[PDB]
Amino acid sequence: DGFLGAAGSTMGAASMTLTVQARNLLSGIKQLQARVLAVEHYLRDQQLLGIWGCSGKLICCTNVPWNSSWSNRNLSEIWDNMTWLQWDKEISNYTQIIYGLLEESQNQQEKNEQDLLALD
Amino acid sequence: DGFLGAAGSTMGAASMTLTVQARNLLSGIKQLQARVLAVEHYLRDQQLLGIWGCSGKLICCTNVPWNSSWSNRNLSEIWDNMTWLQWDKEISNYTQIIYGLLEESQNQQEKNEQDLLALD
Amino acid sequence: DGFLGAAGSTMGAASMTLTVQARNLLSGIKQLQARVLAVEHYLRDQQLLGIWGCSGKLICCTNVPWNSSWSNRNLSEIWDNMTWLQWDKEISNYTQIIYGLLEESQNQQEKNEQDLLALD
Amino acid sequence: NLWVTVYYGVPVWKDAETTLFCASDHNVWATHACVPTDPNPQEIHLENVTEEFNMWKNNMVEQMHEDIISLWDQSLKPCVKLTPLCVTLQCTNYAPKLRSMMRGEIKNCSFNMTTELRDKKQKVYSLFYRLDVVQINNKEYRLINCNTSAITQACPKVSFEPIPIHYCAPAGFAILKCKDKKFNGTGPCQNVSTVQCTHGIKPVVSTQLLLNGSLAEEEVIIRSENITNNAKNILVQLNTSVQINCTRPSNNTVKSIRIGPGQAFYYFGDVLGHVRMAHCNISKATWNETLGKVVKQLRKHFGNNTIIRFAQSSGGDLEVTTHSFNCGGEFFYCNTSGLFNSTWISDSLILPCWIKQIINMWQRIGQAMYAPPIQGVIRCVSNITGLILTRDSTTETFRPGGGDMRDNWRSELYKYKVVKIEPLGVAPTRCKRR
Amino acid sequence: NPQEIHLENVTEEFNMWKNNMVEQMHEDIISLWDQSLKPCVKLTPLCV
Amino acid sequence: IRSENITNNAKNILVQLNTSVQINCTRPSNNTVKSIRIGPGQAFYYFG
Amino acid sequence: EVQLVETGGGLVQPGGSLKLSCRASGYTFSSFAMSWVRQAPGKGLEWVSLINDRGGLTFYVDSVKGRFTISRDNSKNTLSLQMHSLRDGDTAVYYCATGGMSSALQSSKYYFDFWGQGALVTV
Ligand SMILES: *[C@@H]1O[C@H](CO)[C@@H](O[C@@H]2O[C@H](CO)[C@@H](O[C@@H]3O[C@H](CO)[C@@H](O)[C@H](O[C@H]4O[C@H](CO)[C@@H](O)[C@H](O)[C@@H]4O)[C@@H]3O)[C@H](O)[C@H]2NC(C)=O)[C@H](O)[C@H]1NC(C)=O
Ligand SMILES: *[C@@H]1O[C@H](CO)[C@@H](O)[C@H](O)[C@H]1NC(C)=O
Ligand SMILES: *[C@@H]1O[C@H](CO)[C@@H](O)[C@H](O)[C@H]1NC(C)=O
Ligand SMILES: *[C@@H]1O[C@H](CO)[C@@H](O)[C@H](O)[C@H]1NC(C)=O
Ligand SMILES: *[C@@H]1O[C@H](CO)[C@@H](O)[C@H](O)[C@H]1NC(C)=O
Ligand SMILES: *[C@@H]1O[C@H](CO)[C@@H](O)[C@H](O)[C@H]1NC(C)=O
Ligand SMILES: *[C@@H]1O[C@H](CO)[C@@H](O)[C@H](O)[C@H]1NC(C)=O
Ligand SMILES: *[C@@H]1O[C@H](CO)[C@@H](O)[C@H](O)[C@H]1NC(C)=O
Ligand SMILES: *[C@@H]1O[C@H](CO)[C@@H](O)[C@H](O)[C@H]1NC(C)=O
Ligand SMILES: *[C@@H]1O[C@H](CO)[C@@H](O)[C@H](O)[C@H]1NC(C)=O
Ligand SMILES: *[C@@H]1O[C@H](CO)[C@@H](O)[C@H](O)[C@H]1NC(C)=O
Ligand SMILES: *[C@@H]1O[C@H](CO)[C@@H](O)[C@H](O)[C@H]1NC(C)=O
Ligand SMILES: *[C@@H]1O[C@H](CO)[C@@H](O)[C@H](O)[C@H]1NC(C)=O
Ligand SMILES: *[C@@H]1O[C@H](CO)[C@@H](O)[C@H](O)[C@H]1NC(C)=O
Ligand SMILES: *[C@@H]1O[C@H](CO)[C@@H](O)[C@H](O)[C@H]1NC(C)=O
Ligand SMILES: *[C@@H]1O[C@H](CO)[C@@H](O)[C@H](O)[C@H]1NC(C)=O
Ligand SMILES: *[C@@H]1O[C@H](CO)[C@@H](O)[C@H](O)[C@H]1NC(C)=O
Ligand SMILES: *[C@@H]1O[C@H](CO)[C@@H](O)[C@H](O)[C@H]1NC(C)=O
Ligand SMILES: *[C@@H]1O[C@H](CO)[C@@H](O)[C@H](O)[C@H]1NC(C)=O
Ligand SMILES: *[C@@H]1O[C@H](CO)[C@@H](O)[C@H](O)[C@H]1NC(C)=O
Ligand SMILES: *[C@@H]1O[C@H](CO)[C@@H](O)[C@H](O)[C@H]1NC(C)=O
Ligand SMILES: *[C@@H]1O[C@H](CO)[C@@H](O)[C@H](O)[C@H]1NC(C)=O
Ligand SMILES: *[C@@H]1O[C@H](CO)[C@@H](O)[C@H](O)[C@H]1NC(C)=O
């Protein structure tokens, strides 16, 4: 489908077209300012992914466990009976905590790898 | 050699200096607009590489087979008896197909890796 | 600690907060020009890391040996008895050499990997 | 044994110059082109960091200067341009029976002036201050501006009250605050702290005496680029403020006329009462004590067996020979000679002031400004927070000097430095890439 | 050949009275109007 | 000798020489300049 | 001044479990990697397990990879080892030792620098 065609699709189906939305983020002083701001926001999202250990990835698995209090729904209800727009609302109050946990777990992983490589 | 010094070199020799050209892509409203556009195009190329599974790489191998109809030359003629300027012309009509195939094969690889990691 | 809080910390302690400084790099024609220049410099640093084989990393190990003439201090004096501000001064005359060596070793690593993958 | 390891995010920096942005919570210095401030700005103390500061090479001063010039010109541009005032004026004394100061200072000048229609002229009577009117040879006079520049009439709706402005670093840069008590103005600071933005700085314009600025915390601090070189100015920052009560006691009125299709001119009208001299009061004991503190600290750079003498200014026009300030929107010029007439060897002081309407700010030639009169009696209270002194044998004579507005901003920007973050470096570790 | 992608099962809330596009369109029209009239004859001599 | 089209007489021909020709140009008269004020900050310069 | 004090268990039967613990003093606990070394009553020394200074990287000798868990608490200055199954061949003195690893920014070790006196574990 096309840009945002999956907006009404379930999460487990909508994830099939992540590339379609990813490619549409980069594609008269006010307009130049808007373009510079769009570039800065793109780079902020790429930096945020980079500091989590997710570089050239659209789907990236991490080692942060789900704490249940964020959302205690069954896995099949989240992926088969929900859209991404609804999910973005259910956990809108927990994204800062998750982001902090991801940053800390990446710092621990990078330090452990640096030490592991030293074993001659 | 210097910037574009390899332009007349063969593909198998010209590939030795990819870094030299890569480093020269980033190095009065009209001039500011030109600089913003150059940044956007750089990011579009980096995003295009990223969605193929080729992040911090200048040479990146993929799993898309060559279909021969794109070019049926012997491997040694392409790498030893051609320049990159000529090659860019021989297959100028097929790059969109190859790019689409690379994007699809990366989507399949990322989904298969996500499922493979789930085997406890 | 906060932004640059580790500036007076030792190198082996200051490295614990690299993320804190990394996140503060992206966070009226003169102001727009300053923003565009800041974006270009950020991208130049990311490209420089990318051509060394260090993409989504804050700590990245390489295969370039230390030549001692750059600095002949004991490892424990550098990491426990020095700050990053002092270290940046001790080797300020050698960073171009190290950067060139890193670029060459990455070119050799990428070519060797490309050839290694060809062994059917 | 050891291998190169690359680190990104390294907390190091280099000295740098860049463009800082405006942040501030109609008014000439409070335009919409300024970012709302952070209600809770951060400050991070840097332990064991001793950075070297140099207030005399601080690029922030030139940017602040240019930004103020730009805001000033932008505010005055969309206003009435009074080219029709370069006419012959026929002037007599306003108050021929006055036996006090202001005798001969206010002149009643008749002139024609244009009207809404190009085919008709009117007859206008208005009062001007002596300082704005020069004789041609009831006498014929012209405005001083007709010698060098047409005047743009300031819009009466735009206030001249100082509003604090915060300067903020762009991404990738940081501002370091000295926080070193009794800071020399140059050299290492032991209490360096990183801030997102500077404190609010009021763009107060004055000569000779710095007003509404920051005070020293421990003692009077005397700073200069070079003390030996007599061509440099000395900025003295006080640890206490001196209260200044300035006034224009006359109940002045304002009249206006139309001068064209959409333009109007405002002018000085009658006086609803007696004509009185504008003036300003300073406490005598407080000033004497403050000056004593200044000499006590000043002797440290010359010797304890010297004589320090103060004297008034010498040459120049009222822009540099007198104290000047914006009080209530009116522009005052005050004599000050009663403040700097003393020899220091090992209840209220009243200064006369003149009002001038034709203004040539920023030491520019060719861009004159006309200040509309303000109706009513004007009173304001200001704080002296610092002095400007210049040098001129065992006896050293000091004079107010001043006149270069950048010297009025270094006294506030002396504690800030701009640095660029370069978060990339290498170090040896026992770590090989397999 | 501009594109339109129908969004199935999407029910977004609209508010035409709080739509920021109107203020931009207004300002853009004012700007174009003033830019076009600026480089033209200024008839101050008619106030006779 | 270079041109966009030699046959088409509407195009110009640019002839680039391989040697330079020296040109000595002069206004021999010892001309003076006078000036007057014309307004509040303006002055006009004229042939004297 | 460096001391490691074992506070282990006694006799268990096969199929059970036993937890050993060591307390450290005289040095910064979090600055050194620590390990366990086993010595059967009539045999020589063998390495059993290694834990790094942060308690994030653990290594085991093949014979115990599926049986022993090594952990540390840097706030308590406590090292502990949870041993399962405990077969007859596991009777030995278990010693805590400081050394055996260095976290990349420290000089090389690859040796056991300090030793405790040992807990006696029998089956
Ligand atoms: C140093 O700081 C002091 C303040 O700490 C400053 O003195 C203050 O100046 C302002 C502006 O001149 C004074 O504010 C005026 O107060 C009078 C009171 O009668 C008002 O009538 C004035 O009204 C104006 O603003 C109104 C805004 O609504 C308009 O409606 C009106 O038409 C006028 O335009 C104005 O509010 C303030 O009172 C003094 N403070 C004191 C204690 O006197 C001083 O000027 C600063 N130094 C320098 C050199 O500027
Ligand atoms: C919308 O709802 C229909 C009916 O439940 C469903 O078949 C379809 O997959 C949903 N999503 C889209 C994008 O149409
Ligand atoms: C889950 O979140 C709550 C707070 O919302 C916290 O108290 C609890 O410790 C968290 N659980 C885990 C395992 O981190
Ligand atoms: C150019 O042609 C010559 C002769 O065939 C060859 O030796 C050389 O490698 C080619 N490339 C360059 C860059 O000179
Ligand atoms: C090669 O390309 C042709 C069209 O150009 C297509 O019909 C054919 O199926 C392709 N071969 C493969 C193996 O995909
Ligand atoms: C500063 O010095 C003190 C005393 O040596 C030390 O404890 C501290 O870790 C150093 N660094 C910082 C950031 O305070
Ligand atoms: C170390 O650097 C010197 C020059 O500073 C060079 O001559 C020497 O060969 C270098 N050593 C190695 C091993 O590259
Ligand atoms: C105003 O213009 C009239 C023109 O007749 C002239 O007589 C008169 O003197 C002018 N007024 C002044 C003050 O010059
Ligand atoms: C007029 O300007 C000149 C300089 O341009 C100055 O010398 C002269 O004194 C000015 N006239 C008066 C009356 O001040
Ligand atoms: C620097 O900071 C310390 C700690 O707050 C303070 O004791 C010291 O007096 C400061 N230095 C100066 C010159 O104020
Ligand atoms: C100001 O400094 C002087 C020393 O020159 C000192 O005697 C006086 O007490 C100080 N005032 C305050 C308020 O600290
Ligand atoms: C600051 O201290 C230095 C001492 O190194 C001195 O040379 C310099 O003149 C001082 N600055 C002032 C303004 O007194
Ligand atoms: C300060 O001025 C004097 C004037 O004679 C000069 O000799 C001295 O070198 C100046 N200071 C510096 C640091 O240049
Ligand atoms: C000035 O005169 C006006 C006349 O209406 C009066 O209202 C006002 O109160 C007077 N102000 C003073 C300070 O005398
Ligand atoms: C100026 O003098 C004229 C003389 O008739 C007088 O009418 C006028 O009122 C005077 N100006 C003022 C402001 O009083
Ligand atoms: C200035 O005015 C204040 C009241 O506003 C008064 O307390 C102070 O003594 C006055 N000072 C002088 C020098 O008049
Ligand atoms: C007041 O001024 C006199 C000089 O006229 C001076 O001797 C005296 O010390 C001054 N008082 C103070 C408190 O400084
Ligand atoms: C200040 O007043 C004195 C008289 O007390 C006078 O001699 C001096 O010239 C005046 N200064 C100025 C700048 O008007
Ligand atoms: C002037 O100084 C007094 C302290 O004597 C202070 O309370 C007041 O706020 C100061 N005024 C300004 C405008 O800073
Ligand atoms: C350049 O050469 C071509 C031959 O292919 C010729 O057709 C063309 O006219 C020439 N250009 C000029 C300016 O003579
Ligand atoms: C050059 O001009 C002639 C004019 O008749 C025209 O016929 C010819 O086609 C032109 N050349 C080209 C390349 O169009
Ligand atoms: C032109 O006349 C002036 C008159 O002062 C003289 O100085 C100058 O030399 C003359 N130049 C020539 C070329 O005659
Ligand atoms: C133009 O003619 C007049 C006639 O009186 C003469 O005075 C003047 O000098 C002439 N102009 C010049 C430049 O000589």
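Residues numbered from 1 in each chain as written, not as in the entry; some residues may be left out. Chains lettered and ligands numbered in written order. Part of a larger assembly, values for the part shown. Heavy atoms only, no water.

The PDB entry annotates chain F as MD65 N332-GT5 SOSIP gp120 of Human immunodeficiency virus 1.

Where the PDB entry is consulted, chain E appears under the name MD65 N332-GT5 SOSIP gp120, with the organism given as Human immunodeficiency virus 1.

A.B. asks: Which residues make up the site of ligand 18, and what values do they have?
C.D. replies: All names here are of chain D. Around ligand 18, a shell composed of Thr-321, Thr-322, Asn-335 and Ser-337 is seen. Residue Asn-335 places a side-chain N or O atom 2.4 Å away from an oxygen atom belonging to ligand 18. Compared with its free state, where it exposes 360 Å², ligand 18 has 42% of that area covered by protein. (Near = heavy atom within 4 Å. Polar contact = N/O pair within 3.5 Å; in protein donor to acceptor, adjacent residues only side chain to side chain. Areas by Shrake-Rupley, 256 points an atom, 1.4 Å probe, with all protein chains shown as cover.)

A.B. asks: Describe unusual backbone geometry, and please don't skip the residues or the numbers.
C.D. replies: In the Ramachandran plot, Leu-4 of chain B falls in the positive-phi region, its phi being about 60° despite a non-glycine side chain. Structurally, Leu-4 of chain B is set in the segment before α1 (11-14). For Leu-4 of chain B, a relative accessible area of 49% corresponds to the partly exposed category. Even without a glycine there, the phi angle at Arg-434 of chain D is positive, about 40°. Inspection of the secondary structure puts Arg-434 of chain D in the segment after β31 (424-429). (Helix = DSSP H or I, 4+ residues; strand = E, 2+ residues; numbered from the N terminus. Buried < 20%, exposed > 50% of the residue type's maximum accessible area, 1.4 Å probe, protein only.)

A.B. asks: Run through the pairing of strand β30 (residues 416-421) of chain D, naming residues and quoting values.
C.D. replies: Residues and elements named next belong to chain D. Counting buried positions along β30 gives five out of six residues, so the element sits mostly inside the fold. For strand β2 (residues 13-15) and β30, the ladder comprises three bridges, and the chain directions are antiparallel. Following the sheet pairing, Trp-13 is matched in β30 by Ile-421. As judged from the five bridges shared by strand β13 (residues 173-177) and β30, these two strands associate in the antiparallel manner. Across the sheet, residue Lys-177 finds its bridge partner in β30, namely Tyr-416. (Pairing = 2+ DSSP bridges.)

A.B. asks: Outline the side chain of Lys-417 of chain D, listing residues and values.
C.D. replies: Residues and elements named next belong to chain D. With respect to the helices and strands, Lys-417 occurs in strand β30. When its relative accessible area of 14% is taken as the criterion, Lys-417 is described as buried. Looking at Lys-417, its side chain comes within polar contact range of the main-chain oxygen of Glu-52, at 2.8 Å. In this view, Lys-417 contacts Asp-15, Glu-51, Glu-52, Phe-53, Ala-174, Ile-175 and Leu-176; residues no more than four positions away in its chain are not counted. (Contact = heavy atoms within 4.5 Å.)

A.B. asks: Help me get a handle on helix α6 (residues 95-116) of chain C, residues and values and all.
C.D. replies: For α6 of chain C, built from 22 residues, the straight-helix expectation of 32 Å at 1.5 Å per residue is met to within 8% by its first-to-last C-alpha distance of 31 Å. Check the buried side of α6 of chain C and you find it contacts α2 (18-22) of chain B, α3 (29-50) and β1 (59-65) of chain C together with β1 (3-8) and β31 of chain D. (Expected span 1.5 Å × (residues − 1).)

A.B. asks: Mind laying out the pattern of salt bridges, listing which residues take part and the relevant values?
C.D. replies: Residues and elements named next belong to chain G. Inspection of the entire model under this criterion finds 28 salt bridges over all chains. For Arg-38, the salt bridge identified is with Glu-46, shortest N-O distance 2.5 Å. Of the residues examined, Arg-38 reaches a relative accessible area of 8% and is grouped as buried. Of the residues examined, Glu-46 reaches a relative accessible area of 38% and is grouped as partly exposed. Residue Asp-90 pairs with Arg-38 through a salt bridge whose shortest N-O separation is 2.6 Å. (Salt bridge = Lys/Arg side-chain N within 4 Å of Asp/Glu carboxyl O.)

A.B. asks: Describe the side chain of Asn-112 of chain A, with residues and values.
C.D. replies: For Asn-112 of chain A, the location among the structural elements is in helix α6 (residues 95-116). Of the residues examined, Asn-112 of chain A reaches a relative accessible area of 18% and is grouped as buried. Setting aside anything within four residues of it in sequence, one finds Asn-112 of chain A in contact with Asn-52, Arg-54, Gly-56 and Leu-57 of chain G.

A.B. asks: Quick rundown of the state of the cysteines? Include the residues and the values.
C.D. replies: Tallied over the full model, the rule gives 14 disulfides over all chains. Between the sulfur atoms of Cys-54 of chain B and its disulfide mate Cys-60 of chain B the distance is 2.0 Å. Between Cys-54 of chain B and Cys-60 of chain B the sulfur-sulfur dihedral comes to about -70°; the bridge is accordingly left-handed. Residue class for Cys-60 of chain B comes out partly exposed when judged on its relative accessible area of 27%. One disulfide bridge connects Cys-86 of chain D with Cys-146 of chain D, the sulfur atoms lying 2.0 Å from each other. In this structure the cystine formed by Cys-86 of chain D and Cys-146 of chain D twists about its S-S bond by roughly -100°; its chirality is therefore left-handed. Taking the relative accessible area as the measure of exposure, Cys-86 of chain D reaches 33% and is therefore partly exposed. (Disulfide = S-S within 2.5 Å.)

A.B. asks: Can you lay out the packing of helix α3 (residues 29-50) of chain A against helix α3 (residues 29-50) of chain B for me, pointing to particular residues and giving the numbers?
C.D. replies: Direction vectors running N to C along α3 of chain A and α3 of chain B enclose 30°, while the axes themselves pass 11 Å from each other. When the axis of α3 of chain A is compared with that of α3 of chain B, the two are roughly parallel. The handedness of the crossing between α3 of chain A and α3 of chain B is left-handed. Seen from α3 of chain A, the contacting residues are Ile-29, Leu-32, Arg-35, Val-36, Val-39, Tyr-42 and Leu-43 of chain A; seen from α3 of chain B, they are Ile-29, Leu-32, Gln-33, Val-36, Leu-37, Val-39, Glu-40, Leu-43 and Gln-47 of chain B. Taken together, the residues that form the contact of α3 of chain A with α3 of chain B break down as twelve nonpolar, two polar and two charged. (Axes fitted to C-alpha atoms, helices over the stretch in contact; angles between N-to-C directions. Parallel < 35°, antiparallel > 145°, perpendicular 65-115°, else oblique. Left-handed = near helix turned anticlockwise from the far one by under 90°. Nonpolar A, V, L, I, M, F, W, Y, C, P; charged D, E, K, R; others polar.)

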